[PDB]
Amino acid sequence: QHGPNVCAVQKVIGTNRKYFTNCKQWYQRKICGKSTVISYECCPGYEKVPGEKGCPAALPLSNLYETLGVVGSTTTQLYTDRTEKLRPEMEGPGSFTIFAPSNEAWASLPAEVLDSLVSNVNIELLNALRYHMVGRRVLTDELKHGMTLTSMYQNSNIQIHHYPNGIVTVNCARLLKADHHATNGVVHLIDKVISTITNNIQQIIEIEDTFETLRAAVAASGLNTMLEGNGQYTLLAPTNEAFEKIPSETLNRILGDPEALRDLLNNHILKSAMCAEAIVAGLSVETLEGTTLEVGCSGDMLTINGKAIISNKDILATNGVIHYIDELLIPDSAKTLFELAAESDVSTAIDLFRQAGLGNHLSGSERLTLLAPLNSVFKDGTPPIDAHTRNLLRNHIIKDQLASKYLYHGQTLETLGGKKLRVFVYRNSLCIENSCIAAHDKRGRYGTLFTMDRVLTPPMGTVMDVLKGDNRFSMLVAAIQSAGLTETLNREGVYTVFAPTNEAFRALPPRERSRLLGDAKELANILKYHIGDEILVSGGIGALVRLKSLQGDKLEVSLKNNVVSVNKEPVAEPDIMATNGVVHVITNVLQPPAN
């Protein structure tokens, strides 16, 4: 095993990026989009001994200036000597903390930024290096609290943030090496050369030319004081180009409507300030609007929902962090029934409504609920726009904007016309007739989109009307009349009739065929076993439902790979909707376990 005082260091394959850790047992296989190698080195304040395993020897404590060379901040050390006032301070008495930028941090600085500092060593460079310093010992235990720090330059604040993944940021500069104790302080190696923060989010929006449209939108919504006031927010600030990409018609409606404008702007604000360096993998974040965004990273680029649309990273504000976004994050709450679904996973259903001349129910201000089946439903093809399909699509539009998680047991939904669909709420399922909710509700500005798992088939007549209208149930209808159950299945109720076809009675042995016809009292009990006490649709089974029958004994109703099975027997045609129940076409007659 590894020797004493050995700390594990996670290095990304083919890059300089290292994640210095206190030899943790848990690891993440991939950082952003690339594989990592778990390397090993000495912990802070220890060195290797030749012939001995690990780092047993403890490094002697040297002054804050000398500890710069130890941690590897040679450039920060060199520029300190150039100021000819900071080196005696760092070598002399006291208690200090220096957030020393790495050699790469100085090399990454733009030509104009570096030139201003190196030319005026006594003015610009001295003040810059003093901002990276604190006049007291500040350790990781304090940095993990995420509280602000007072710098050694005009008592200006230093933003310190801690993240659940363990990453600590100093003005959004990732803390590389930490707690490197000195004779007169502590040295911390940081990812970037940090600068003073003077303006808040609102002031930055007011200064930058790229946010002319955003500035106008904030002013129209009255979110000025919110972006001015003290906080810790993250603004995914959209550029003038992001608004330009969106069609005029959509933008002029959202900018005009105060409800949609407030929702649009709240969808670009996050509750807590998050630096780019903090994001190592996918992370679900809730906006002030309420929509869940996935914040990830593709190497060096920040990404929102797998789309690399973050053009500028970490624009530090007094009340937060600003990330320039190339696209507008329009929430569903601002979009019309069309806009939010036209490009979604129900795009095929939307095209069918459009083709049936029902398009204006998706583009308008009408308060409706759209029952749209998934594209996977039409994998075989789409039905032709005819009388049947038109009427069917008409029954997929519900009066009033509804929410599926607020649908109750005996609820009846009115369609655009007069058809009243029944709501069947189950333990883990929610169905409107045969069709069940397959995805989270898409709540629009005026209408909600209900993503369905199948095309809704509204009921046509009673169980008896269904059975008498099909030649396959001639022997079944004849058996039902002999048993005296014609009235029971023709009247209002909640039944699950597992209807055995003509072949089901023909498949019975010559003994059972003549035997079942002979007895009337036993024939009645066999048929009663095929009828259920409550309505159970295919999408409401889930795993296994022990459905009580009119005979008394339970039915083993199960769903496996979209196939309904009653008493381990398959269903040929499931969910045949009736005004008093559901008909499941079976090819075998069911026998009760007892009597």
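So that there is no doubt, residue numbering starts at 1 and follows the sequence shown.
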Higher avg CA temperature factor (359 to 367 vs 207 to 215, as deposited) belongs to 207 to 215
Averaging only over Cα atoms, indicate whether 267 to 275 or 508 to 516 has the higher B-factor in the PDB entry.
508 to 516
Return the residue from 523, 476, 464, 341 that has the highest Cα B-factor in the entry.
523
In terms of recorded Cα temperature factor, pick the maximum from 451, 336, 102, 221.
221
Please rank the C-alpha B-factors of the chain's modelled residues and tell me whether residue 27 sits in the lowest, middle or highest third.
highest
Which third, lowest, middle or highest, does the C-alpha temperature factor of residue 21 belong to within its own chain?
highest
Residue 447 CA temperature factor, ranked by third within the chain:
lowest
Ranked C-alpha temperature factor of residue 284 among modelled chain residues, by third
middle
Residue 68 - Cα temperature factor, lowest/middle/highest third of chain
lowest
